[PDB]
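Below: one structure, written as structure tokens.
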Amino acid sequence: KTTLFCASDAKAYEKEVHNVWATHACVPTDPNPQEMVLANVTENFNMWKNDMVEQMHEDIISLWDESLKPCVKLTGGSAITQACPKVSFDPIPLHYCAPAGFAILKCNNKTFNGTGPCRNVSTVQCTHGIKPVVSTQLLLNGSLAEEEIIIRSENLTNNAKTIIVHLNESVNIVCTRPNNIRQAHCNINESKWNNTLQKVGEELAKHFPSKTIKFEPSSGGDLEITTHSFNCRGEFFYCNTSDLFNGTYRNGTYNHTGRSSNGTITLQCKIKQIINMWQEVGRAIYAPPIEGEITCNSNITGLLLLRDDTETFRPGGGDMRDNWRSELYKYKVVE
Ligand SMILES: CNCc1ccc2c(c1)[C@@H](CC[C@@H](O)CO)[C@H](CNC(=N)N)[C@H]2NC(=O)C(=O)Nc1ccc(Cl)c(F)c1
Ligand SMILES: *[C@@H]1O[C@H](CO)[C@@H](O)[C@H](O)[C@H]1NC(C)=O
Ligand SMILES: *[C@@H]1O[C@H](CO)[C@@H](O)[C@H](O)[C@H]1NC(C)=O
Ligand SMILES: *[C@@H]1O[C@H](CO)[C@@H](O)[C@H](O)[C@H]1NC(C)=O
Ligand SMILES: *[C@@H]1O[C@H](CO)[C@@H](O)[C@H](O)[C@H]1NC(C)=O
Ligand SMILES: *[C@@H]1O[C@H](CO)[C@@H](O)[C@H](O)[C@H]1NC(C)=O
Ligand SMILES: *[C@@H]1O[C@H](CO)[C@@H](O)[C@H](O)[C@H]1NC(C)=O
Ligand SMILES: *[C@@H]1O[C@H](CO)[C@@H](O)[C@H](O)[C@H]1NC(C)=O
């Protein structure tokens, strides 16, 4: 363990806050990317015990609190007020790099579940570009598995450990508050969701070989975790997923029990101003939403699940360290 440094293609002239942060905190990425393969050198990784995840977590916390200043911040009996202007918000890729005297080993097994021994390992200076996308239930704008869908979890038998589902084909999702000012909706093409969830059921059945797979909405908790919550153009979208995680996989076939209309699922959402923070235990209070068409067209690249005759799976999340682990799993900082 050392202190790693970030590398970004951010531009000192753009007023978008990811660029503003990265110019002030990261070095320019090098087009000197020397990757060195070692086929008979073999190393052990644990994506769930990886200090790079905590370093990136600290970095993104700093980013958000220097870039999404809430009008009010309520923590531990104290309140903190500051200017809370609307900003230009669109995440950019970030690379994480070992300093001199250190390397980063990268597992080239296309089917690696993030834990155990990898036989094909390569050394690099920096990770690939990672967008610090804060979200729950669905992992957005990530990178896709190269072969089959991969299931990752610290302990599959423990029902309290988060399950990361790494997809191999993206599912487009278009969320929009169009031109009540806090009502918005997401559109998802239900046939891609159908095929995606059946193949996900296939892999989940491989880890549970009876065992009829069930997808049901989030049980309970804070609105941030019981909905697909994310930030788009600076606004905090909370999107109902009752019609999304709602189906059954049995006897090798998937049937979607959530309601859809002419072939698309639409999630109902509110843009909220009181936010249960993910950075720490507390609440953040922002101004009402901007004027105009607020839309993000994103790619679903992964899922965050929690497991309850059968096994039921519900969308999870809330600890965005899992969001970072979904991209940092191939890596291991070495001396
Ligand atoms: C079984 N699950 C465990 C679980 C469950 C919920 C939560 C955690 C853990 C915490 C993670 C803390 C850890 O990371 C240490 O730093 C975090 C605690 N904090 C407060 N309850 N206030 C809390 N998650 C959030 O509130 C959160 O994700 N909100 C949020 C905001 C904006 C956007 Cl756009 C968004 F999509 C989400
Ligand atoms: C991941 O693979 C390793 C073997 O390489 C195995 O020990 C571990 O149980 C696997 N975990 C999951 C969640 O499949
Ligand atoms: C994705 O993985 C599934 C199995 O999990 C497979 O059936 C499907 O063909 C894969 N898609 C690719 C490789 O494009
Ligand atoms: C996971 O939990 C089970 C039971 O709680 C335990 O037997 C096992 O050793 C744990 N670790 C694993 C499977 O890696
Ligand atoms: C999602 O919508 C369903 C039906 O519209 C509702 O029963 C459920 O409580 C909603 N979830 C949240 C977190 O509001
Ligand atoms: C699936 O959706 C239907 C209609 O939207 C709803 O009645 C049902 O309760 C949902 N399944 C759940 C919540 O497990
Ligand atoms: C998936 O959705 C389409 C509608 O877009 C539906 O006609 C089809 O039967 C569904 N397939 C499965 C396996 O649920
Ligand atoms: C995903 O990337 C696209 C393209 O830059 C962007 O429009 C969208 O807002 C991104 N999604 C999120 C949640 O940032």
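Ordering of the structure tokens sets the chain letters (A, B, ...), residue numbers begin anew at 1 in every chain, and ligands are numbered from 1 in the order given.
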
### Query
Counting only C-alpha atoms, what is within 6 Å of stretch 185-200 of chain A, bar same-chain residues fewer than 5 positions away, as a PyMOL selection string?
chain A and resi 173-176+254+263-269

### Task
Name each residue within 8 Å of ligand 5, counting only C-alpha atoms and all ligand atoms, as a PyMOL selection string.
chain A and resi 218+220+223+226-227+240-243+268

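We find atom CA of residue A:26 and atom CA of residue A:60 to be spaced 12.3 Å apart.
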
### Task
Could you please extract the residues within 10 Å of ligand 8, counting only C-alpha atoms and all ligand atoms, and hand them back as a ChimeraX atom specification?
/A:89-92,131-135,138-142,172-175,229-234,237,294-300

### Task
Around ligand 2, at most 8 Å away and counting only C-alpha atoms and all ligand atoms, which residues are there? Put them as JSON, numbers by chain, please.
{"A": [112, 113, 114, 115, 116, 117, 118, 151, 152, 153, 154, 155, 156, 207]}

Output file for the residues above (N, CA, C and O atoms, as a PDB file, in the first residue's frame):
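New file result.pdb:
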ATOM      1  N   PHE A 112     -12.528 -13.774 -14.936  1.00  0.00           N
ATOM      2  CA  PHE A 112     -12.142 -13.665 -13.536  1.00  0.00           C
ATOM      3  C   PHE A 112     -13.264 -13.038 -12.717  1.00  0.00           C
ATOM      4  O   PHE A 112     -13.790 -11.979 -13.075  1.00  0.00           O
ATOM      5  N   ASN A 113     -13.626 -13.684 -11.608  1.00  0.00           N
ATOM      6  CA  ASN A 113     -14.721 -13.204 -10.778  1.00  0.00           C
ATOM      7  C   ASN A 113     -14.279 -12.155  -9.760  1.00  0.00           C
ATOM      8  O   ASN A 113     -15.093 -11.720  -8.940  1.00  0.00           O
ATOM      9  N   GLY A 114     -13.015 -11.739  -9.800  1.00  0.00           N
ATOM     10  CA  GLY A 114     -12.512 -10.729  -8.896  1.00  0.00           C
ATOM     11  C   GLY A 114     -11.846 -11.258  -7.648  1.00  0.00           C
ATOM     12  O   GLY A 114     -11.390 -10.456  -6.821  1.00  0.00           O
ATOM     13  N   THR A 115     -11.762 -12.573  -7.484  1.00  0.00           N
ATOM     14  CA  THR A 115     -11.232 -13.138  -6.254  1.00  0.00           C
ATOM     15  C   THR A 115     -10.500 -14.434  -6.556  1.00  0.00           C
ATOM     16  O   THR A 115     -11.035 -15.310  -7.247  1.00  0.00           O
ATOM     17  N   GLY A 116      -9.284 -14.557  -6.027  1.00  0.00           N
ATOM     18  CA  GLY A 116      -8.534 -15.782  -6.137  1.00  0.00           C
ATOM     19  C   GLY A 116      -7.305 -15.618  -7.002  1.00  0.00           C
ATOM     20  O   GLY A 116      -6.814 -14.505  -7.217  1.00  0.00           O
ATOM     21  N   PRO A 117      -6.774 -16.731  -7.507  1.00  0.00           N
ATOM     22  CA  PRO A 117      -5.591 -16.663  -8.371  1.00  0.00           C
ATOM     23  C   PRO A 117      -5.926 -16.419  -9.834  1.00  0.00           C
ATOM     24  O   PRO A 117      -6.853 -16.998 -10.403  1.00  0.00           O
ATOM     25  N   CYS A 118      -5.147 -15.527 -10.433  1.00  0.00           N
ATOM     26  CA  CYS A 118      -5.147 -15.254 -11.861  1.00  0.00           C
ATOM     27  C   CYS A 118      -3.792 -15.680 -12.407  1.00  0.00           C
ATOM     28  O   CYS A 118      -2.749 -15.305 -11.851  1.00  0.00           O
ATOM     29  N   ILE A 151     -20.463 -13.004 -12.159  1.00  0.00           N
ATOM     30  CA  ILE A 151     -21.065 -12.783 -10.849  1.00  0.00           C
ATOM     31  C   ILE A 151     -19.945 -12.634  -9.832  1.00  0.00           C
ATOM     32  O   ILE A 151     -19.077 -13.511  -9.726  1.00  0.00           O
ATOM     33  N   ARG A 152     -19.958 -11.533  -9.088  1.00  0.00           N
ATOM     34  CA  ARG A 152     -18.952 -11.265  -8.073  1.00  0.00           C
ATOM     35  C   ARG A 152     -19.637 -11.051  -6.733  1.00  0.00           C
ATOM     36  O   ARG A 152     -20.685 -10.404  -6.664  1.00  0.00           O
ATOM     37  N   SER A 153     -19.055 -11.607  -5.674  1.00  0.00           N
ATOM     38  CA  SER A 153     -19.495 -11.271  -4.328  1.00  0.00           C
ATOM     39  C   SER A 153     -18.465 -11.768  -3.329  1.00  0.00           C
ATOM     40  O   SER A 153     -17.880 -12.839  -3.515  1.00  0.00           O
ATOM     41  N   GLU A 154     -18.265 -10.982  -2.269  1.00  0.00           N
ATOM     42  CA  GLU A 154     -17.331 -11.358  -1.213  1.00  0.00           C
ATOM     43  C   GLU A 154     -17.693 -12.710  -0.606  1.00  0.00           C
ATOM     44  O   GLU A 154     -16.811 -13.525  -0.319  1.00  0.00           O
ATOM     45  N   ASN A 155     -18.984 -12.972  -0.404  1.00  0.00           N
ATOM     46  CA  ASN A 155     -19.409 -14.281   0.090  1.00  0.00           C
ATOM     47  C   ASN A 155     -20.811 -14.566  -0.429  1.00  0.00           C
ATOM     48  O   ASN A 155     -21.784 -13.985   0.058  1.00  0.00           O
ATOM     49  N   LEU A 156     -20.910 -15.474  -1.399  1.00  0.00           N
ATOM     50  CA  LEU A 156     -22.205 -15.768  -2.000  1.00  0.00           C
ATOM     51  C   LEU A 156     -23.155 -16.431  -1.012  1.00  0.00           C
ATOM     52  O   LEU A 156     -24.377 -16.286  -1.139  1.00  0.00           O
ATOM     53  N   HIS A 207     -24.613 -20.603  -9.916  1.00  0.00           N
ATOM     54  CA  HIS A 207     -24.181 -20.542  -8.523  1.00  0.00           C
ATOM     55  C   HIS A 207     -25.214 -21.107  -7.563  1.00  0.00           C
ATOM     56  O   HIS A 207     -24.861 -21.443  -6.424  1.00  0.00           O
TER      57      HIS A 207
END

## Note on the structure
Correct to one decimal, the distance atom CA of residue A:204-atom CA of residue A:329 is 19.6 Å

Using only C-alpha atoms, which residues sit within 10 Å of residue A:59 once same-chain residues fewer than 3 positions away are excluded, as a compact mmCIF listing (two decimals) with C-alpha atoms, in the first residue's frame?
# COMPACT_ATOMS: atom_id res chain seq x y z
CA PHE A 5 -2.10 9.47 -8.09
CA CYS A 6 -4.84 10.09 -10.65
CA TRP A 21 -11.53 19.00 -9.98
CA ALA A 25 -5.99 17.17 -8.43
CA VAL A 53 -11.05 1.23 -3.77
CA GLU A 54 -10.74 3.26 -0.57
CA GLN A 55 -8.35 5.73 -2.20
CA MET A 56 -10.76 6.28 -5.10
CA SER A 62 -13.55 15.18 -2.19
CA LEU A 63 -14.82 15.70 -5.74
CA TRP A 64 -18.48 15.76 -4.75
CA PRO A 132 -16.97 8.06 -10.95

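Among A:214, A:330, A:160, A:290, the residue with the shortest atom-to-atom distance to ligand 4, counting only C-alpha atoms and all ligand atoms, is A:160.
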
### Query
To one decimal place, how far is atom 12 (C, counted along the ligand's line) of ligand 1 from atom CA of residue A:221 in Å?
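For atom 12 (C, counted along the ligand's line) of ligand 1 relative to atom CA of residue A:221, the distance reads 13.9 Å.
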
### Query
Which neighbours of residue A:319 fall inside 10 Å, counting only C-alpha atoms, when residues of the same chain fewer than 3 positions from it are skipped, and could you give them as a list in words?
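My list of contacting residues is residues 57, 134, 135, 136, 162, 225, 278, 279, 316, 322, 323 and 324 of chain A.
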
What does the file look like for those residues with C-alpha atoms, as an mmCIF file, in the first residue's frame?
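Output file again19.cif follows:
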data_model
loop_
_atom_site.group_PDB
_atom_site.id
_atom_site.type_symbol
_atom_site.label_atom_id
_atom_site.label_comp_id
_atom_site.auth_asym_id
_atom_site.auth_seq_id
_atom_site.Cartn_x
_atom_site.Cartn_y
_atom_site.Cartn_z
ATOM 1 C CA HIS A 57 -13.628 6.556 -2.591
ATOM 2 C CA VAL A 134 -22.550 7.437 -8.254
ATOM 3 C CA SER A 135 -25.696 5.300 -8.482
ATOM 4 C CA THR A 136 -27.677 2.534 -6.800
ATOM 5 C CA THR A 162 -23.622 -7.217 -2.100
ATOM 6 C CA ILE A 225 -31.482 2.470 -2.012
ATOM 7 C CA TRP A 278 -23.544 8.493 0.497
ATOM 8 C CA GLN A 279 -20.279 10.188 1.490
ATOM 9 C CA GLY A 316 -29.191 -3.184 -3.674
ATOM 10 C CA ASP A 322 -19.020 -1.418 -4.715
ATOM 11 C CA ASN A 323 -19.423 0.884 -7.724
ATOM 12 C CA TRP A 324 -15.649 1.405 -7.705
#
